[PDB]
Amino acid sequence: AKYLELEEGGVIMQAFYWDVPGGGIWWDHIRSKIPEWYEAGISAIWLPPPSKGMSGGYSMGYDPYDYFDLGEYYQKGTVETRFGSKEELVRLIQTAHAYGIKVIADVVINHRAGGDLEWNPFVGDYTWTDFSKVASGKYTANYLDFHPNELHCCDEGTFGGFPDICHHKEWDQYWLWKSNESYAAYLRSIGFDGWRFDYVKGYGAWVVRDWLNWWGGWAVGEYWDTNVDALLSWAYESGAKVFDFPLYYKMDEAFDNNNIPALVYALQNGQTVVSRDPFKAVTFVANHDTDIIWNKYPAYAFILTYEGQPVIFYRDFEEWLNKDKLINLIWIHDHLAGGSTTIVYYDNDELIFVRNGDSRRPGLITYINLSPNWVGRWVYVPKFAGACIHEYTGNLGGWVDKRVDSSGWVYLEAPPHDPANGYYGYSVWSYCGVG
């Protein structure tokens, strides 16, 4: 990648959103963006589930039917998936790799959908568990491969009424990751580097752990919950990272309601994954399932200058927000955002913190303002004592430099938070001359 690599905590782009334009144009559409995203500093792209789903052309991939059909067989009323054909996906991955950008596969293995009606001896009724007709002829299945069966009735969880996969069966283990004919093998064979595990609360952490033991690669599990202990327990057991839903909700509490203290408190008392283990936290401002944060500018300013590994939501970058502001924060994240964090000021609508720097990144000062007016504060930042600091976003309307006296005191300023009028509510500072 241009700046930091995925394995180095680089920024990730969720290259989709709920119900992207159909017609099989998504893979090509994303492929055309690779050169721009490379220049923007994106280190990896997370793609939606690539397999043929029950709802065919309308499927978002979360109702997988034939895992081994990436848009190559006429099935469920279509050859290509909603996103495109197999080759288009392969070409996308090849283009990403040509630019050193990694690709993350969205693995949906808790459930399956689109099976034929079949008598189920354990349910005592008919179930849509007959998957013997999948066009790929790979990973066929019947009621024995789902809950309930002769092993047990249920596992950690189900999703709606979709046939719930029993990973304890060797047949299913073989087809999903335990062989060179597995779904993991197939995804890896076409270029996928990492994994994003869907609804991990629906099955055991051991599944992800064994998958990773066999294939390695960067990984994150989607464990939708606010209980940090539960998320970190799953993370340490599975060996994968977890999306920081706890931080997501706390950022919303603070940034969308002039309640910064709510976020400070959460960060101080372990109510976020990132404040407990920044090496396990995958941070985000929004995703395809939930998007409650309205004031996204200070939110992105925060996850891109604070600790953890940030993800940028496709729609914010390509449709709703000022792309240049995001490109700027990615540059800042990879060049300045390093080291431990020290909060130096806060009130209901303002948050100022310092990143103390690491071996490659000098550190920075983030000044978030949720108020509708220009603000300025005298702050004690000994980290930058006796230095020339520069504002790196340009949100002050121009090129601005300041001298932090030998003591550590400096008068910092932040623009109004009125994005509707081009005032984004944040300024970011660091040593002059970095980039």
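Residues carry their position along the shown sequence, with the first being 1.
Exercise. Can you let me know which of the two, 121 to 129 or 170 to 178, has the higher average C-alpha B-factor in the entry?
Key: The entry gives the higher C-alpha B-factor average to 121 to 129.
Exercise. Select between 111 to 119 and 279 to 287 the stretch whose C-alpha atoms have the higher average B-factor in the entry.
Key: Looking at the recorded C-alpha B-factors, 111 to 119 comes out higher on average.
Practice problem: Go through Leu47, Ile42, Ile368, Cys388 one by one and give the residue whose Cα B-factor in the PDB entry is largest. | Solution: Result of the comparison over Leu47, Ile42, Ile368, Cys388: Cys388.
Practice problem: Identify, among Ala299, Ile165, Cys154, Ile330, the residue whose C-alpha carries the highest B-factor in the deposited PDB entry. | Solution: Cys154 has the highest C-alpha B-factor of those listed.
Practice problem: Compare the C-alpha B factor of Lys52 with those of the other modelled residues in its chain, then answer lowest, middle or highest third. | Solution: Lowest third, going by the recorded CA B-factors of the chain.
Quiz item: Among the modelled residues of its chain, does the C-alpha B-factor of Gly61 lie in the lowest, middle or highest third?
Solution: As the PDB entry reports it, the C-alpha B-factor of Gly61 lands in the lowest third of its chain.
Quiz item: With respect to C-alpha B-factor, does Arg360 fall in the lowest, middle or highest third of the chain as deposited?
Solution: Tercile = highest for this residue's CA B-factor.
Self-check item: For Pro415, the third of its chain into which the C-alpha B factor falls
Solution: It belongs to the highest third of the chain when residues are ordered by C-alpha B-factor.
Quiz item: Which third of the chain holds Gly22 when residues are ordered by C-alpha B factor: lowest, middle or highest?
Solution: Ranked within chain, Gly22 CA B lands in the highest tercile.
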